[PDB]
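Understanding the architecture of this molecule
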Amino acid sequence: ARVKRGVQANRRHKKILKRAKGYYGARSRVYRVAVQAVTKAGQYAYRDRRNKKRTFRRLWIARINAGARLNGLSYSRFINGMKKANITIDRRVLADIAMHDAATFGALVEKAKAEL
Amino acid sequence: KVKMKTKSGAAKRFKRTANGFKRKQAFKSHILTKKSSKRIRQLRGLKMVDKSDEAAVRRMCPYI
Amino acid sequence: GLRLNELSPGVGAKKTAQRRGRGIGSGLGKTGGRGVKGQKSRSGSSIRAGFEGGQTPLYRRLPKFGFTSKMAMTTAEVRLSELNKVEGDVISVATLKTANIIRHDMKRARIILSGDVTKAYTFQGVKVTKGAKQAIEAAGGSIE
Amino acid sequence: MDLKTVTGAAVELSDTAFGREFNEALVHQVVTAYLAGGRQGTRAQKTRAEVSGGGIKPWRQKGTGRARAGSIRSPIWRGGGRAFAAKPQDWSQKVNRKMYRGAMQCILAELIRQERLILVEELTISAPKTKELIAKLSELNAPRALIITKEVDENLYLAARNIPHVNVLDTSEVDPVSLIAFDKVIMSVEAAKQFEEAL
RNA sequence: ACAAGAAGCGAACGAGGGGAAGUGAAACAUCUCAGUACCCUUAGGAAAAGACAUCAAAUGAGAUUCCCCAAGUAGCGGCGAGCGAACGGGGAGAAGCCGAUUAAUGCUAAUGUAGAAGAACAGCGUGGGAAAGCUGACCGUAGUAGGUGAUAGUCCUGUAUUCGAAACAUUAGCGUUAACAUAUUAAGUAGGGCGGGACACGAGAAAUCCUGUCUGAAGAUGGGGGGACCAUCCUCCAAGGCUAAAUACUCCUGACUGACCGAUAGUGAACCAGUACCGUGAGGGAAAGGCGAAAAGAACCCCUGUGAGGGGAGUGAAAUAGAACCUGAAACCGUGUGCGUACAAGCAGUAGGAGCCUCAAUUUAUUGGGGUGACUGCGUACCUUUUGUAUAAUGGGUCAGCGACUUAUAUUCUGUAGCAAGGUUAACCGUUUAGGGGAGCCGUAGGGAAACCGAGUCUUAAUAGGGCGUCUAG
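Take the overall build of chain A next. Counting secondary structure elements, chain A contains five helices and zero strands. In terms of C-alpha radius of gyration, chain A reaches 25 Å, well past the compact-globule figure of 13 Å for 116 residues. C-alpha extents for chain A along the principal axes are approximately 85 × 30 × 20 Å. Considering only contacts within chain A whose residues lie at least 6 apart along the sequence, 45% involve residues at least 24 apart.

Now the structure itself:
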């Protein structure tokens with residue numbers, strides 16, 4: 001029962017090369033270079049999937065810091081004010097209010113400013 | 001046909017018992033004047049092969 | 001059976017054999033469970049029954065003892081519970097042979113107290129232990 | 001137990017041979033061992049010693065800059081020997097006598113349970129004619145079946161020797177695969193008694 | 001000086017004359033490898049052996065050979081590594097003789113080497129083509145064969161079945177002829193010393209067989225053997241020659257088969273292969289299959305050098321099926337389109353992300369899919385080997401194909417199945433996966449070196465003590 005591996009090898013190698021499309025040079029053409037580029041891409045994606053949550057919080061905090069400083073206090077005093085006023089609004093929503101509706105954020109800072 | 005070979009020299013020193021193997025003790029062939037008579041008395045007779053060592057005896061003597 | 005399709009081995013009967021060196025996911029890739037560079041990792045490796053790496057092996061630190069007896073290999077011990085295979089009432093050496101209780105080359109036999117007889121027997125030329133003798137005659141047997 | 005033949009006569013068969021149980025694990029092993037006994041296992045391949053030539057070292061060990069080689073018939077090389085080349089081997093297994101007997105008891109009992117056994121008083125053909133037996137199977141409502149009789153006739157053999165899914169066997173040459181492969185089994189009453197005694 | 005033979009070549013198997021070393025012993029010399037490889041001589045369809053100067057020690061058996069057990073037992077062994085019986089039991093085959101020889105010839109019978117006959121299907125639709133679809137028939141002692149323009153029991157060759165031989169081998173039976181052979185009971189023999197060899201047995205307490213050397217009987221009122229040796233008993237008569245079968249094998253011939261390969265496989269060799277090629281030589285040793293159903297293999301015209309190559313035309317179902325011809329992957333190399341890219345430093349991706357381009361809806365830039373990726377963050381390949389590798393440590397130019405835990409037996413444990421204090425047969429026979437075959441093996445009892453005793457036994461003066469066992473599942 002001789003088994004020829006050409007057919008299964010072809011679609012196996014093709015599966016890796018299809019996943020390596022858009023890569024430069026040998027990384028999208030030859031399997032030996034493409035297989036470890038696909039693995040490395042998956043490793044970056046797994047780590048960057050944690051770092052994304054880490055990077056957007058930095059973005060929200062900076063946006064909130066700009067908004068609070070435009071009218072009144074800083075971010076460090078803003079978060080303390082929201083915490084003392086029992087305001088649960090997340091930094092994601094706050095940064096969206098600051099960047100897209102400045103009247104509401106002005107009213108939102110006042111509630112934090114009167115609480116300290 | 002091809003059978004497993006007994007270690008014919010390990011069969012001359014180990015004997016099958018019910019739950020293990022038995023054997024003589026060493027240090028009893030010669031120079032015996034200097035040994036206390038407790039050694040001459042308690043080195044005389046049978047002991048059991050140790051649990052540690054009876055896997056080797058099973059591999060050496062597969063048919064006993 | 002129903003059909004040659006729905007004939008199954010009865011789960012637990014069959015187990016998949018182990019194939020060494022077939023990739024990371026199989027659990028036996030790249031070494032076959034052999035470990036790293038060493039004598040036991042090499043192609044013709046073996047454990048060598050009777051070897052401790054150089055110290056005189058256990059079977060050579062201890063002395064040889066005893067001798068083999070030729071009588072012991074022609075004397076068979078017979079149990080009371082094996083006597084149900086005998087045809088008739090006589091229990092002799094030739095009668096134990098045709099019952100396939102003892103080997104055809106056994107010269108003499110001994111009946112020991114292992115099980116219990118169910119019918120009267122007549123023993124002619126076989127030695128009977130003290131415990132077996134009282135069990136024989138308790139069932140109506142005799143020894144001659 | 002109590003079965004009825006085609007005409008209507010009452011035939012009683014022992015439960016120990018026709019109503020036992022279905023042991024699928026037992027039946028599978030005996031059936032699959034029969035199929036392994038059909039193999040003849042005649043094949044081979046060349047090892048390093050067997051391939052033509054390849055006795056000399058193709059080049060010196062050191063200096064050339066090539067991977068070291070000891071033979072051109074190495075299993076690594078094209079045209080080289082097979083590492084672990086196949087040889088002829090025996091595929092027949094041992095089925096215990098009681099295991100074979102028990103499997104046939106299980107199969108026959110299961111054949112009755114799914115209405116695949118047909119008892120007939122006798123099945124004889126006057127002439128060695130395929131048409132005569134094809135017509136007799138139609139009235140028996142078994143166009144494709146396995147006929148089991150004692151002393152298979154010398155003209156009943158010829159009648160069934162051409163019909164596609166039809167075979168006529170002696171009770172002493174009935175195998176476990178034949179009882180399962182065919183859609184129906186037409187056993188004569190005389191042949192059913194033989195299985196009653198032999199199982 | 002006249003007739004008859006021989007010579008040489010060619011597979012394996014046999015018999016015989018010589019006879020290693022690698023290796024293992026974790027070194028190595030005894031030993032192993034192994035009486036193997038190899039060399040040499042020589043035969044037959046087989047060879048050899050073969051009828052007791054054999055075993056056995058039972059109630060005895062009754063030549064040789066081969067198989068399953070006995071048994072990895074008894075033994076041998078730097079008692080190491082290893083080597084390794086026999087008795088006897090179950091089978092196959094059986095046969096015993098004094099020419100069981102060889103070679104011809106003639107009848108008788110049967111094969112073999114060419115052959116012959118050999119059933120039964122139409123219509124319609126699709127299709128290049130019907131064997132496939134639908135409807136309805138027929139043969140079958142012929143229904144799973146190979147083909148035929150796609151898959152056919154009824155188209156062809158075939159198959160089941162029934163049979164032919166002028167001629168010449170072959171096998172067997174009878175008769176005849178001519179070549180050889182036809183012992184008559186066994187002395188340089190048995191035995192012995194010395195040195196070796198073979199026996200499972202390495203000098204060992206070493207029986208038995210062989211013999212280079214030196215010797216050397218008795219001779220049925222006798223002699224050989226029964227594993228040192230002696231006695232008793234049992235058995236058998238060497239020093240004459242034969243003898244079928246069961247057994248070993250394949251250069252081959254036929255029939256048949258394959259959970260064997262399918263062109264890097266399978267023979268080295270599917271092909272003009274032991275070729276080309278390499279070597280003084282012995283010797284080594286490749287690569288290389290496929291148009292199409294049918295060549296219908298492209299008349300003719302055009303460009304070109306009356307070249308290559310192509311474009312038309314034509315053939316074909318198909319011509320990116322056009323002869324480097326089925327399919328036509330990847331590496332690798334071009335052409336076209338869209339987007340990005342010439343102020344920016346690194347494993348080239350990843351997570352975000354503007355812009356642009358392109359399709360589908362949608363009442364019309366709103367989403368969704370696809371391509372691209374300005375800009376930002378993070379981010380030093382893989383394997384191996386290591387305490388530790390981005391490592392300036394190893395390996396890989398790439399792609400495709402191939403490439404490494406097998407097989408046989410023994411044994412142990414686990415699972416599962418059947419039976420279960422029992423389980424199971426092996427070789428064989430068999431009309432052959434059945435059925436028979438119970439020889440044997442394991443389990444059911446252990447203690448002790450052993451005799452021996454036995455749920456006990458051993459040690460001991462001990463009934464004390466202690467060791468090993470005991471109060472089931474195989």
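Glancing now at the arrangement of the chains. The interface with the most contacts, out of three pairs of chains in contact, is the one formed by chains B and C. Separated in space, chain A and chain B share no contact, their closest pair of C-alpha atoms being 29 Å apart. Where chain A comes nearest to chain C, the C-alpha atoms are still 14 Å apart, and the two do not contact one another.

In this section: the sheet that holds strand β6 (residues 184–188) of chain D. The strands making up a sheet associate through backbone hydrogen bonding, with each pair oriented either parallel or antiparallel. Residues and elements named next belong to chain D. On the basis of which strands lie adjacent, the open sheet formed by four strands has the order β3-β6-β4-β5 and parallel pairing. Edge strands, defined here as strands with exactly one partner in the open sheet, are β3 (117–120) and β5 (167–170). Each strand axis lies, on average, 25° off the axis of its neighbour in the sheet, ignoring direction. Relative to β6, strand β4 (residues 145–149) runs parallel, the two being bridged by four bridges. The residue of β6 that forms the bridge with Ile147 is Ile186. In the packing of helix α7 (residues 189–198) onto the sheet, the strands contacted are β3, β4 and β6, and the crossing angle to β6 comes to about 90°.

Residue and element names in this part refer to chain D. Here the phi dihedral of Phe84 falls at roughly 60°; this positive angle occurs in a residue that is not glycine. The phi torsion at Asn141 lies on the positive side, around 60°, for a residue other than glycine. Among the structural elements, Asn141 can be located in the loop between α4 (130–139) and β4.

A few words now on the packing of aromatic side chains. Residue and element names in this part refer to chain A. Taken as a whole, this structure holds four aromatic pairs over all chains when the rule is applied. Judged by centre distance (6.4 Å) and plane angle (45°), the ring pair of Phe56 and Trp60 falls under tilted. Of this pair, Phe56 and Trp60 both sit in helix α2 (residues 31–70), four residues apart, which is roughly one turn of the helix. Taking the relative accessible area as the measure of exposure, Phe56 reaches 41% and is therefore partly exposed. On the numbers, 5.2 Å between centres and 50° between planes, the contact of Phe78 with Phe105 is tilted. Linking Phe78 in helix α3 (residues 75–84) with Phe105 in helix α5 (residues 102–113), this pair joins segments that are 27 residues apart in sequence.

Attention now goes to the packing of helix α4 (residues 91–100) of chain A against α5(A). Residue and element names in this part refer to chain A. At their nearest, the axes of α4 and α5 sit 6 Å apart, and the two run at 125° to each other. One finds that α4 runs oblique with respect to α5. On the side of α4, the interface is formed by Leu94, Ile97, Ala98 and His100, while α5 contributes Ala102, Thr104, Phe105 and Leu108.

To continue, consider the protein's contact with RNA strand E. As a matter of local geometry, RNA strand E sits amid 128 residues, with A:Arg5, B:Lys12, C:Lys37, C:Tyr59 and C:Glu77 nearest to it. Take the atoms of RNA strand E that sit within 4 Å of the protein: sugar and phosphate atoms are 72% of them. A:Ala1 is positioned with one of its backbone polar atoms (N or O) 3.1 Å from a phosphate oxygen of RNA strand E. Between RNA strand E and the protein, one listed contact pairs a phosphate oxygen with a side-chain N or O atom of D:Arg39 at 3.0 Å. Among the elements that take part in the surface near RNA strand E, α2(A) stands out by supplying 11 residues, more than any other. Grouping the constituent residues of the surface near RNA strand E by class yields 43 nonpolar, 36 polar and 49 charged.

A word on the interface of chain C and chain B. The interface of chain C with chain B comprises 12 residues on the first partner and 17 residues on the second. Between chain C and chain B, a total of about 1400 Å² is buried, with carbon and sulfur atoms accounting for 68% of that surface. Considering only the surface of chain C that becomes buried against chain B, C:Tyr59, C:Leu62 and C:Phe65 emerge as the three largest contributors, covering 49% of it. In this structure, the connection of chain C to chain B is made through zero salt bridges. The interface formed by chain C and chain B includes four residue pairs in polar contact.

Right, let's get into a nonpolar patch on the surface. A cluster of nonpolar side chains, contributed by D:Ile72, D:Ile76 and D:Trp77, occupies part of the molecular surface with about 300 Å² of accessible area. On the accessibility criterion, D:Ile72 (32% relative accessible area) is partly exposed.

Of all hydrophobic cores here, the largest spans 32 residues; its most connected members are D:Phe18, D:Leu108, D:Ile148, D:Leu179, D:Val185, D:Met187 and D:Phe195. Put simply, the parts of the chain that give this core at least two residues each are α1 (15–18), α2 (24–36), α3 (97–113), β3, β4, α6 (176–181), β6 and α7 of chain D. C:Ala76, C:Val86, C:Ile91 and C:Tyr121 belong to the second largest nonpolar core, which has 21 residues in total.

Taken as a whole, the largest pocket holds about 630 Å³ of empty space. Around the largest pocket, the lining is made up of 14 residues, and of these A:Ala1, A:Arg2, A:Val3, A:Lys4 and D:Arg82 lie nearest the centre. Split by residue class, the lining of the largest pocket holds five nonpolar, two polar and seven charged. As for the second largest pocket, its lining consists of B:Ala11, B:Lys12, B:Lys15, C:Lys64, C:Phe65, C:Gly66, C:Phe67, C:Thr68 and C:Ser69.

Quick look at the side chain of D:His28 now. Structurally, the position occupied by D:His28 is in helix α2. Excluding residues within four positions of it along the chain, D:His28 makes contact with C:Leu7, C:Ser8, C:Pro9 and C:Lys14.

Attention now goes to the pairing of β6(D). All names here are of chain D. Counting buried positions over the five residues of β6 gives four, a clear majority of the element. Of the strand pairs in this sheet, β3 and β6 are connected by four bridges, and their pairing is parallel. Pairing of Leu119 across the sheet is with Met187, part of β6.

Conventions and cut-offs
- Residues numbered from 1 in each chain as written, not as in the entry; some residues may be left out.
- Chains lettered and ligands numbered in written order.
- Part of a larger assembly, values for the part shown.
- Heavy atoms only, no water.
- Residues with missing side-chain atoms left out of burial classes, pairs and counts.
- Helix = DSSP H or I, 4+ residues; strand = E, 2+ residues; numbered from the N terminus.
- Rg over C-alpha atoms; globule rule 2.2 N^0.38 Å.
- Contact = heavy atoms within 4.5 Å.
- Pairing = 2+ DSSP bridges.
- Axes fitted to C-alpha atoms, helices over the stretch in contact; angles between N-to-C directions.
- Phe/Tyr/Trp six-rings, centres within 6.5 Å; stacked < 30°, edge-to-face > 60°.
- Buried < 20%, exposed > 50% of the residue type's maximum accessible area, 1.4 Å probe, protein only.
- Parallel < 35°, antiparallel > 145°, perpendicular 65-115°, else oblique.
- Near = heavy atom within 4 Å.
- Polar contact = N/O pair within 3.5 Å; in protein donor to acceptor, adjacent residues only side chain to side chain.
- Nonpolar A, V, L, I, M, F, W, Y, C, P; charged D, E, K, R; others polar.
- Buried area = accessible area lost by both parts, 1.4 Å probe.
- Salt bridge = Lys/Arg side-chain N within 4 Å of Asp/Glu carboxyl O.
- Patch = residues over 30% accessible without salt bridge, like charges linked within 9 Å, V, L, I, M, F, W, Y side chains within 5 Å.
- Areas by Shrake-Rupley, 256 points an atom, 1.4 Å probe, with all protein chains shown as cover.
- Core = buried A, V, L, I, M, F, W, Y, C linked by side-chain atoms within 4.5 Å.
- 1 Å grid on protein atoms, 1.4 Å probe; cavity = no way out; pocket = protein on both sides within 12 Å on 5 of 7 lines; lining within 4 Å.
- Points joined across faces, edges and corners; volume = space filled by probe spheres on them.

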